[PDB]
Structure formats: structure tokens, C-alpha cells
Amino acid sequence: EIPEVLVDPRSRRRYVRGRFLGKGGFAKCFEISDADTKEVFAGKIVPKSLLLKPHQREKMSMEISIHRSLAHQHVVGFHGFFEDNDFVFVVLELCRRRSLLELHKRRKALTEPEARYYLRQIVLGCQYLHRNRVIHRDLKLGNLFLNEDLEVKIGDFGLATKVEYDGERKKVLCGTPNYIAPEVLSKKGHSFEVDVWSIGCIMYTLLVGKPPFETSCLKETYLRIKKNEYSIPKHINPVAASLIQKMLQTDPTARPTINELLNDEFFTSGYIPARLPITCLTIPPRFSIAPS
């Protein structure tokens, strides 16, 4: 049973357990608030009872050690971690506007400048991660959180990995990513190109309003990722569709690096709003010059 109040004995801090946010893996997420500073955060509470096997305990440590080394405007802030007899608690930045998945749920297909707006911040954050030699490996709508200003914050570093040397090919991804890259499925080894693939899939879902490889059978969805079986609707811009085609290639050595993306015609030749109206959560924005 999760405690009503959580206390860290090294930093001397008390966080009051509040609203249930979401359930991921073993973890339960609750909005927690510091007794003294009156600051609210997102709290990831994992039960030790489900961390008895050292393999699962090591995963949690790897996830924390990776997340704590990350400081960026487009990454979910890390404020700490602590533990007790039965639980592991992680203290992270709380984004009150939830995640792009909620936005996708209500809004489905988004306007082209809205996608250009978010994709820029998803890339900027991922650029930071790749500069620090971190592969997220599970980039999806549900872990791209939005703060009050609707700026993207990447979170959920459970499937993340640090690249220890030049040209390293990770042979094992223990876990199941949402936008799983073909090299993961075919077990040929993988590197940074798996994140560009996820970004390509995310781009498709924001512009089209459904995932590129969604089938009833997830195993038949995997067959499609392998065969490169997708079709971009013809109502989608030929510049945006050309970027999706670049990012969704079975050959990882052919996908643009996280650094070349902001320099694609899709970004450089299109309107990228400086900020989005909070109405865009509910209503599609028109982006007009003046109001009649």
C-alpha cells in the first residue's frame, strides 16, 4: 500500500501524495507536493515487491542514472529520487497540460503549423539526448508531455540507454517500444537511428491522425514495419510526406540524423508559430493575421 506522505531522509523532504495521473509498467504516477516549498511535481512510485529479480531492479537504477544526468528545456526535469522498505520514488517536473497523446485523442489530425511546432521541440530535446549519447528508444505521444506554455518535455526514460563507445550497436532492447524500429524487430543491432524512426512515426500520427503501421494484430503490425508497409494519404503536403519517407526507411543508415532534421524544407520553408494558443487543446487554430 502506497504511503499518504513520502519522505526522503538525505535531502530532508516531505511530499504529500495527491492525484493519480497514470499507470505505467510496475509504476503508478501521482502528483506529489513538497510540504515546505509548496511546489508540485510528478511522482513515479515503483513497488519493490515487483523489483525482487535483480534484472528488474538494475533497470530502475539505469533509468534513474540516465534521467538525472539530463537537463534541457524539452526534457522532463529531474528533481530527485529516494526509497523506503517497499517503494522507490522518483521526483520529476510536472507538466500540467498532460501529453501529446491526450491532444491526439481529442484533436486527431493536427494543423500543419501545429505539427511543425511540436516536432521542432521533440527534435530539439532528442538532439540534446543524442549529444549526451542517450537513446530514448520509446518516443511516443504518451511520453511527450506538455507544460503550461505547451512546450514539449520528453519523459519516460525506462527504455533509455547510454552509448559507451563509438559505433556501438545495442544488441538487446529489453522491453517493447511503441514505435519499434525495424532493426529492433529484426534483431540486427541498433543505435541513434531508432529515435529518428520514432520521430518519423510521431510526425505521421500528428499529421494523419492515426499511426503509420496500426493493425488489429500487433504481430501483423510488426510484419508491416519489416516489409516497410505504409501509405501516406495524398491530402498530406508533398514536403511533409517527403520528410516522413526519409524518417521511415528500413535502413537506419539512410534516416536523417537528429541534427539534420531542423534543416529540412518542412521546417525551413513553413510557418512555425512562436507560441500556440491554449484553445488549440480543444479547437483547431486558424493562425490569422488579424481578428475581424
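Don't overthink the numbering: it's just position in the shown sequence, from 1.
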key: Comparing 49-57 with 26-34, the one whose average Cα B-factor in the PDB entry is higher   = 26-34
key: 176-184 versus 118-126 - which carries the larger mean C-alpha B factor in the record   = 176-184
remark   = On the chain's distribution of Cα B-factors, residue 273 falls within the third called lowest
key: Ranked against its chain, the third holding the CA B-factor of residue 147   = lowest
note = In terms of its chain's C-alpha B-factors, the third that includes residue 236 is the highest
Chain thirds of CA B-factor: placement of residue 214 = middle
inquiry  = Taking only the Cα B-factors deposited for this chain, tell me whether residue 191 sits in the lowest, middle or highest third.
reply    = middle
